[PDB]
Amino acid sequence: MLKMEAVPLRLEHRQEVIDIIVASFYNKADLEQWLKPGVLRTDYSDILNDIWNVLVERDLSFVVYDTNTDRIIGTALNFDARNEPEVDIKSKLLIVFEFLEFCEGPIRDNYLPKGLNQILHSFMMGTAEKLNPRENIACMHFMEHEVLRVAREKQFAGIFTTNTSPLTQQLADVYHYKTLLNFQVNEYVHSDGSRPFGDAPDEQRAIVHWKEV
């Protein structure tokens, strides 16, 4: 059985976390696949490197170790939704985060509690490529169990996230997240009038989830 341990994010974890996040969102990503081409492996390392110190300082993120190998197999990058770093993303990933803000912004700032230390934004969650289905399913449950524990320990009012893959969306629903938006990603219009995910099927959703803790 997979034996896992959730360790808070340390500064030395940068390259291990970047590898996992690139693996989970490069050509495997449900939104990034439609921005092909022009999205390189380094675009997510660039974002993570720009926010790495603040991400570790906020002490809201953790990595998941396989205690049998003492290697990181998963990570949950979290921020206070009302206290996130300012990112000038100079890649095509700007459309992704502008789309996520398009999904989150209106709901966050109008229907979610006001003030800091209220909204725990589970904005990124990744697992290692080597994980087989069982290891991945088990690691996803472990990270969900831990973001709740971190949310309660850090005294947040609830967990807030936009789930962009069918697996994370289903996990959120069986974990009793409330659905606050079920948006069809091929209907989102970029600033230039185009639909960056217009080639995605109608069935691909960006679901904004929220569970009070």
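Residue numbers here begin at 1 and follow the sequence given.
K.L.:
If you average the Cα B factors in the entry, which is higher, 58-66 or 39-47?
P.N.:
Stretch with the higher mean C-alpha B-factor: 39-47.
K.L.:
Using only C-alpha atoms and the B-factors in the entry, which stretch averages higher, 175-183 or 29-37?
P.N.:
So the stretch with the higher mean C-alpha B-factor is 29-37.
K.L.:
Per the entry, which of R134, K90, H141, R108 tops the list for Cα B factor?
P.N.:
The record points to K90.
K.L.:
For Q155, does the deposited CA B-factor place it in the lowest, middle or highest third of the chain?
P.N.:
Middle third by C-alpha B-factor.
K.L.:
Comparing against every modelled residue in the chain, figure out the third that the C-alpha B-factor of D192 lands in (lowest, middle or highest).
P.N.:
Answer is highest: the recorded C-alpha B-factor places it there.
K.L.:
Would you mind checking where the Cα B-factor of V7 ranks among the modelled residues of its chain, as the lowest, middle or highest third?
P.N.:
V7: CA B-factor falls in the middle third of its chain.
K.L.:
Among the modelled residues of this chain, does the Cα B factor of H13 put it in the lowest, middle or highest third?
P.N.:
Its C-alpha B-factor, which the entry lists for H13, ranks in the middle third among residues of this chain.
K.L.:
Sorting the chain's CA B-factors, does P85 end up in the lowest, middle or highest third?
P.N.:
According to the entry, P85 has a C-alpha B-factor in the chain's highest third.
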